[PDB]
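# Reading the structure
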Protein chains: 2
Amino acid sequence: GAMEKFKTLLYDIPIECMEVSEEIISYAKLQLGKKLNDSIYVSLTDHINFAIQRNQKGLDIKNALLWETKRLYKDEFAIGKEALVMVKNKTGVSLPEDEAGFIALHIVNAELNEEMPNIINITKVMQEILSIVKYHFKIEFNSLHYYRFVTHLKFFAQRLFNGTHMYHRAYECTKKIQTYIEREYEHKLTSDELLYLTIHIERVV
Amino acid sequence: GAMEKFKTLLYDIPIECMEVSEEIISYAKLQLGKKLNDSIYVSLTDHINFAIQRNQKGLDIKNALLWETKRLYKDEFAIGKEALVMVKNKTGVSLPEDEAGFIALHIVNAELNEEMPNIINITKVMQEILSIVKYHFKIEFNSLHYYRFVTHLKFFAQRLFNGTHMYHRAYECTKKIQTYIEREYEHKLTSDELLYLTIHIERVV
């Protein structure tokens, strides 16, 4: 019964959506080699259809985390950009760069086995940390250890939202971050979390 | 081919998930009578499974917008709460109140024909407006015209993120809101948008 009800929902998903989405997924896997949760298939397919339809209604698609996405998930954004090319050639529809950002986040989601809400929080925490650091040491980030630093932040933030666990100038920076995260997300960094941050901030700078 | 590939993905969705989700949807429709986009079916089913599995791995589920959700989407949060009862009796699993918040947002999503990222932005703008107003007139909101005000904010914010269009003390409040939205979302309120806000803020107070 259950199974049949759901079977019928697939009748509301255009085949071309399934097709272009597979092409994207397939491509993403080659470029990243990273394992993507299979949830990406129905997630992305539902998203593209929605995006295409929304665009066909003359509605705008605004991604409030576009900038962050471009700089924190370089590889994935590159794929998202390509995905819009793939979507243009298969459908003829021109989606905004904002969509490249949304597709990129769907991939990141599948990479971390997360849901959009959490990926958004994870991304904002990463960005806030980068900003606190740059503004604290008055430094300009450019990419070598940047990726390494970012990558560490990504998993640091993920552990922060799921409960997993594991020099003054750098530590004082870390303490500002603690205040930010406690106030915005109601979590207070533990000793190990502070240790982790300090070590890596110190290191990245 | 396309169609078959997707058919196989359903083999990764437990039947009980499909079942409990339908019960939730069915219930929501009676309580709200509002039309829910049918996307809610696969959206919610995928979410519950993910949530249940995440919880079964000992991972925490944190909803950064729980408080906002409780006060801005009263009816939907009520349903989410009930949904956790429904999920407990069908699966025996105790999900946190945070999940009632996530289920509530999935319903709101289906109501507005939106995707999570946008619902999050819409919700944060509504909350910021309420805060700017309360802090501007030094007023305490309690519920009569509150729902009416909130409802207006919800559609105001939605139009703001999709491109749709249409007394000093209240206007000065509206101007602070303009600054906030321009800085955080890069959109500057137009004459009509300011008009709308002023009228309703003035009114709500």
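### Topic: the overall build of chain A
Helix and strand counts for chain A stand at ten helices and zero strands. The burial tally for chain A puts 53% of its 205 residues in the buried class. The averaged location of the 28 negative side-chain charges in chain A is 6 Å from the averaged location of its 26 positive side-chain charges.

### Description of the domain arrangement of chain A
Residue and element names in this part refer to chain A. Split by domain assignment, chain A resolves into domain 1 (15–114) and domain 2 (115–205). Between the C-alpha centres of domain 1 and domain 2 the distance comes to 27 Å. With 14 residues of domain 1 at the interface, the matching set in domain 2 holds 17 residues. Between domain 1 and domain 2 lies a buried interface of about 1500 Å² when both sides are counted; carbon and sulfur atoms form 61% of it. On inspection of domain 1 and its partner domain 2, the count reaches zero salt bridges. Summed over the shared surface of domain 1 and domain 2, the result is four residue pairs in polar contact. Of all the elements in the fold, those that place two or more residues in the side of domain 1 that touches domain 2 are helix 4 (66–72) and helix 6 (97–112). Broken down by element, the side of domain 1 that touches domain 2 gets its largest block of residues, five residues, from helix 6. Within the side of domain 1 that touches domain 2, the residues separate by chemical class into seven nonpolar, two polar and five charged.

### Focus: the packing of aromatic side chains
Residue and element names in this part refer to chain A. All chains considered together, the criterion is met by ten aromatic pairs over all chains. Ring geometry for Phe-156 against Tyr-196: centres 5.7 Å apart, planes inclined by 15°, an arrangement best described as stacked. Taken together through their ring pairs, the aromatic side chains of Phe-141, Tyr-146 and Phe-149 make up a single cluster. Directly above the ring of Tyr-135 sits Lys-138, whose terminal nitrogen or CZ lies 5.4 Å from the centroid.

### Details of the packing of helix 3 (residues 39–56) of chain A against helix 6 of chain A
Residues and elements named next belong to chain A. Running from amino to carboxyl end, helix 3 crosses helix 6 at an angle of 165°, the nearest separation of the two axes being 10 Å. Comparing the axis directions of helix 3 and helix 6 gives the class roughly antiparallel. Note on packing geometry: the crossing formed by helix 3 with helix 6 is right-handed. Together, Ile-40, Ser-43, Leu-44, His-47, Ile-48 and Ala-51 of helix 3 and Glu-99, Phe-102, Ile-103, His-106, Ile-107 and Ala-110 of helix 6 make up the contact between the two elements. Residues belonging to the contact of helix 3 with helix 6 are distributed by class as follows: eight nonpolar, three polar and one charged.

### Brief notes about the environment of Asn-37 of chain B
All names here are of chain B. Here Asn-37 shows up in the loop between helix 2 (15–32) and helix 3 (39–56). A polar side-chain atom of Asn-37 sits 2.7 Å from a polar atom in the side chain of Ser-39. Of note is the side chain of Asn-37, whose polar atom sits 2.9 Å from the side chain of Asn-113.

### Thoughts on the pattern of salt bridges
Should their charged atoms come close, side chains of opposite charge can pair. On inspection of all chains with the given rule, the structure shows 14 salt bridges over all chains. One salt bridge connects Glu-22 of chain B with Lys-5 of chain A, and the closest N-O pair in it is separated by 0.4 Å. Residue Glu-22 of chain B is found in helix 2, and its partner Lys-5 of chain A is found in helix 1 (residues 2–9); the two belong to separate chains. Under the relative-accessibility criterion, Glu-22 of chain B is labelled partly exposed at 27%. Overlapping salt bridges, with partners in common, bring together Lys-34, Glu-76 and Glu-111 of chain A in one network.

### Considerations on the interface of chain A and chain B
Think of interface size as the accessible area that goes away when the parts come together; that is how it is often given. Between chain A and chain B, the residue contacts involve 39 residues of the former and 39 residues of the latter. Counting the surface lost from both chain A and chain B, the interface buries some 3400 Å², and carbon and sulfur atoms represent 67% of this. Three residues stand out in chain A for area buried against chain B, namely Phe-6, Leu-10 and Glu-115 of chain A, and they jointly supply 18% of the buried area on that side. Inspection of the chain A/chain B interface yields four salt bridges. Residue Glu-114 of chain B is joined to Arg-54 of chain A by a salt bridge in which the shortest nitrogen-to-oxygen separation is 3.0 Å. At the boundary of chain A and chain B, one finds ten residue pairs in polar contact. Residue assignment for the side of chain A that touches chain B shows that the elements contributing at least two residues are helix 1, helix 2 (15–32), helix 3, helix 7 (116–137) and helix 8 (145–162) of chain A. Across the side of chain A that touches chain B, the residue classes tally to 19 nonpolar, nine polar and eleven charged.

### Section: helix 7 of chain A
All names here are of chain A. If you check helix 7, its first and last C-alpha atoms are 32 Å apart, about what 22 residues at 1.5 Å a residue would give, namely 32 Å. Most of helix 7 sits out of view: 17 of its 22 residues are buried. Residue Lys-138 follows helix 7 closely and has a positive phi angle near 55°.

Parameters at a glance
- Residues numbered from 1 in each chain as written, not as in the entry; some residues may be left out.
- Chains lettered and ligands numbered in written order.
- Heavy atoms only, no water.
- Helix = DSSP H or I, 4+ residues; strand = E, 2+ residues; numbered from the N terminus.
- Buried < 20%, exposed > 50% of the residue type's maximum accessible area, 1.4 Å probe, protein only.
- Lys, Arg positive; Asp, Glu negative; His and termini not counted.
- Charge placed at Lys NZ, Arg CZ, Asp CG, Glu CD.
- Domains from an automatic or database assignment.
- Contact = heavy atoms within 4.5 Å.
- Buried area = accessible area lost by both parts, 1.4 Å probe.
- Salt bridge = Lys/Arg side-chain N within 4 Å of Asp/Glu carboxyl O.
- Polar contact = N/O pair within 3.5 Å; in protein donor to acceptor, adjacent residues only side chain to side chain.
- Nonpolar A, V, L, I, M, F, W, Y, C, P; charged D, E, K, R; others polar.
- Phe/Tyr/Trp six-rings, centres within 6.5 Å; stacked < 30°, edge-to-face > 60°.
- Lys NZ or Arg CZ within 6 Å of the ring centre and 35° of its normal.
- Axes fitted to C-alpha atoms, helices over the stretch in contact; angles between N-to-C directions.
- Parallel < 35°, antiparallel > 145°, perpendicular 65-115°, else oblique.
- Left-handed = near helix turned anticlockwise from the far one by under 90°.
- Expected span 1.5 Å × (residues − 1).

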